[PDB]
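Beneath this line is the structure, given in structure tokens, with notes to follow.
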Amino acid sequence: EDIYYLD
Amino acid sequence: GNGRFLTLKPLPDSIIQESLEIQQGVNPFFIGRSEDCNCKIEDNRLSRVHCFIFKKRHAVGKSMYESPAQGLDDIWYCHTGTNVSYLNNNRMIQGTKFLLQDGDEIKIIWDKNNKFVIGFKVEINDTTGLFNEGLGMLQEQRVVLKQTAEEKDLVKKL
């Protein structure tokens, strides 16, 4: 239940 | 230790200028947006439980050549955030662990374009019989360890 992506 | 052992203080270098202290009595210490986390840090970028620090009994087989501390306790930083955290110079992906040596600066979130940078300074004020509080025991040169179902379970009770 999470959609993170620091790119 | 009367109640506090490790001090995690979001330093001015980080978007956060607060100071949190991991009570030696609380294990493991959870950090994140959700108040459920022993530590309270709300950053839309990180998960409600970006990461948590867990303390474990430091030990080793024999003392051949190397000189250990018999069997004391050490602090392990556990990361469960999908945005991956950064400990000093080691990568911390969702499901990793790292040794915490007194004066450990951990990065919870860093954004080049958003300029969103977080970082807490770990400062061990009290030493609850720690092998050496946390100076960076030899043998293993600051390496990121992996967590197991045991760790994931810790957050399950969070």
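Chains: A, B, ... in order of the structure tokens. Residues: from 1 per chain. Ligands: from 1, in order shown.
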
So that each row is one residue of chain B with an atom at most 12 Å from chain A, can you give its shortest atom pair and the distance in Å to one decimal, using only C-alpha atoms, rows by chain and rising number, as JSON lines?
{"residue": "B:44", "atom": "CA", "partner": "A:4", "partner_atom": "CA", "distance": 9.9}
{"residue": "B:45", "atom": "CA", "partner": "A:4", "partner_atom": "CA", "distance": 7.2}
{"residue": "B:46", "atom": "CA", "partner": "A:4", "partner_atom": "CA", "distance": 7.8}
{"residue": "B:47", "atom": "CA", "partner": "A:2", "partner_atom": "CA", "distance": 7.7}
{"residue": "B:48", "atom": "CA", "partner": "A:2", "partner_atom": "CA", "distance": 10.2}
{"residue": "B:49", "atom": "CA", "partner": "A:2", "partner_atom": "CA", "distance": 11.4}
{"residue": "B:50", "atom": "CA", "partner": "A:4", "partner_atom": "CA", "distance": 11.0}
{"residue": "B:80", "atom": "CA", "partner": "A:2", "partner_atom": "CA", "distance": 11.6}
{"residue": "B:81", "atom": "CA", "partner": "A:4", "partner_atom": "CA", "distance": 8.6}
{"residue": "B:82", "atom": "CA", "partner": "A:4", "partner_atom": "CA", "distance": 5.7}
{"residue": "B:83", "atom": "CA", "partner": "A:5", "partner_atom": "CA", "distance": 5.5}
{"residue": "B:84", "atom": "CA", "partner": "A:6", "partner_atom": "CA", "distance": 8.2}
{"residue": "B:85", "atom": "CA", "partner": "A:6", "partner_atom": "CA", "distance": 10.3}
{"residue": "B:93", "atom": "CA", "partner": "A:5", "partner_atom": "CA", "distance": 11.1}
{"residue": "B:94", "atom": "CA", "partner": "A:4", "partner_atom": "CA", "distance": 11.0}
{"residue": "B:108", "atom": "CA", "partner": "A:6", "partner_atom": "CA", "distance": 11.5}
{"residue": "B:109", "atom": "CA", "partner": "A:6", "partner_atom": "CA", "distance": 8.5}
{"residue": "B:110", "atom": "CA", "partner": "A:6", "partner_atom": "CA", "distance": 7.8}
{"residue": "B:111", "atom": "CA", "partner": "A:6", "partner_atom": "CA", "distance": 6.7}
{"residue": "B:112", "atom": "CA", "partner": "A:7", "partner_atom": "CA", "distance": 8.7}
{"residue": "B:113", "atom": "CA", "partner": "A:7", "partner_atom": "CA", "distance": 9.4}
{"residue": "B:114", "atom": "CA", "partner": "A:6", "partner_atom": "CA", "distance": 9.8}
{"residue": "B:115", "atom": "CA", "partner": "A:6", "partner_atom": "CA", "distance": 11.4}
{"residue": "B:116", "atom": "CA", "partner": "A:6", "partner_atom": "CA", "distance": 10.4}
{"residue": "B:117", "atom": "CA", "partner": "A:6", "partner_atom": "CA", "distance": 11.4}

Give me a file of those residues, with C-alpha atoms, as a PDB file, in the first residue's frame.
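result_15.pdb, written as the output of this step:
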ATOM      1  CA  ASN B  44       5.247  12.545   3.120  1.00  0.00           C
ATOM      2  CA  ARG B  45       8.188  11.013   1.238  1.00  0.00           C
ATOM      3  CA  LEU B  46       8.919   8.393   3.915  1.00  0.00           C
ATOM      4  CA  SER B  47       6.447   5.773   5.153  1.00  0.00           C
ATOM      5  CA  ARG B  48       4.645   6.055   8.502  1.00  0.00           C
ATOM      6  CA  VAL B  49       7.347   3.642   9.662  1.00  0.00           C
ATOM      7  CA  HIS B  50      10.314   4.579   7.487  1.00  0.00           C
ATOM      8  CA  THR B  80      11.647  -0.629   6.303  1.00  0.00           C
ATOM      9  CA  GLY B  81      11.011   2.454   4.179  1.00  0.00           C
ATOM     10  CA  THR B  82      10.531   2.032   0.435  1.00  0.00           C
ATOM     11  CA  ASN B  83      12.421   5.285  -0.194  1.00  0.00           C
ATOM     12  CA  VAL B  84      15.584   3.649   1.234  1.00  0.00           C
ATOM     13  CA  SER B  85      17.624   5.437   3.906  1.00  0.00           C
ATOM     14  CA  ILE B  93      17.042  -0.405   1.424  1.00  0.00           C
ATOM     15  CA  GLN B  94      13.711  -1.663   2.746  1.00  0.00           C
ATOM     16  CA  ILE B 108      16.075   9.032   6.281  1.00  0.00           C
ATOM     17  CA  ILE B 109      15.302  10.818   3.007  1.00  0.00           C
ATOM     18  CA  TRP B 110      17.270  12.719   0.359  1.00  0.00           C
ATOM     19  CA  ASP B 111      15.865  14.396  -2.764  1.00  0.00           C
ATOM     20  CA  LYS B 112      18.145  16.114  -5.284  1.00  0.00           C
ATOM     21  CA  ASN B 113      15.326  17.807  -7.211  1.00  0.00           C
ATOM     22  CA  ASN B 114      13.034  18.357  -4.225  1.00  0.00           C
ATOM     23  CA  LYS B 115      15.990  19.298  -2.012  1.00  0.00           C
ATOM     24  CA  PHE B 116      14.253  17.230   0.662  1.00  0.00           C
ATOM     25  CA  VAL B 117      17.032  16.002   2.928  1.00  0.00           C
TER      26      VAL B 117
END

Proximity of range 11-108 of chain B to range 119-122 of chain B: per-residue shortest pair, 7 Å limit, only C-alpha atoms, as JSON lines:
{"residue": "B:11", "atom": "CA", "partner": "B:120", "partner_atom": "CA", "distance": 5.9}
{"residue": "B:14", "atom": "CA", "partner": "B:119", "partner_atom": "CA", "distance": 5.0}
{"residue": "B:102", "atom": "CA", "partner": "B:122", "partner_atom": "CA", "distance": 6.2}
{"residue": "B:103", "atom": "CA", "partner": "B:122", "partner_atom": "CA", "distance": 4.9}
{"residue": "B:104", "atom": "CA", "partner": "B:122", "partner_atom": "CA", "distance": 4.6}
{"residue": "B:105", "atom": "CA", "partner": "B:121", "partner_atom": "CA", "distance": 4.3}
{"residue": "B:106", "atom": "CA", "partner": "B:120", "partner_atom": "CA", "distance": 5.3}
{"residue": "B:107", "atom": "CA", "partner": "B:119", "partner_atom": "CA", "distance": 4.1}
{"residue": "B:108", "atom": "CA", "partner": "B:119", "partner_atom": "CA", "distance": 5.8}

query: Do you have the CA of residue 71 in chain B-CA of residue 132 in chain B distance handy?
result: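 Between these atoms lies a distance of 11.0 Å.
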
- prompt: Could you name the residues that touch residue 39 in chain B at 10 Å or less, counting only C-alpha atoms, but leaving out those on the same chain fewer than 2 positions away, as a list in words?
  reply: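 Within the cut-off, the hits are residues 8, 19, 20, 21, 22, 29, 30, 31, 32, 33, 34, 35, 36, 37, 41, 42, 49, 51, 52 and 53 of chain B.
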
field: Test item, strand (DSSP E) assignment across chain B, answer as a ChimeraX atom specification
entry: /B:6-10,20-22,29-32,39-40,51-58,72-79,85-87,90-92,96-100,104-107,120-124,145-146

message: If I take CA of residue 88 in chain B and CA of residue 129 in chain B, how far is one from the other in Å, to one decimal?
response: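 Separation between CA of residue 88 in chain B and CA of residue 129 in chain B: 24.7 Å.
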
- request: Can you work out the spacing between CA of residue 138 in chain B and CA of residue 60 in chain B in Å, to one decimal?
  value: 12.3 Å

message: Using only C-alpha atoms for the distances, tell me which of B:61, B:10, B:3, B:134 is nearest to residue 73 in chain B.
response: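 Ranking B:61, B:10, B:3, B:134 by distance to residue 73 in chain B, first place goes to B:134.
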
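Between residue 86 in chain B and the residues B:123, B:131, B:59, B:144, the shortest atom-to-atom distance, using only C-alpha atoms, involves B:144.
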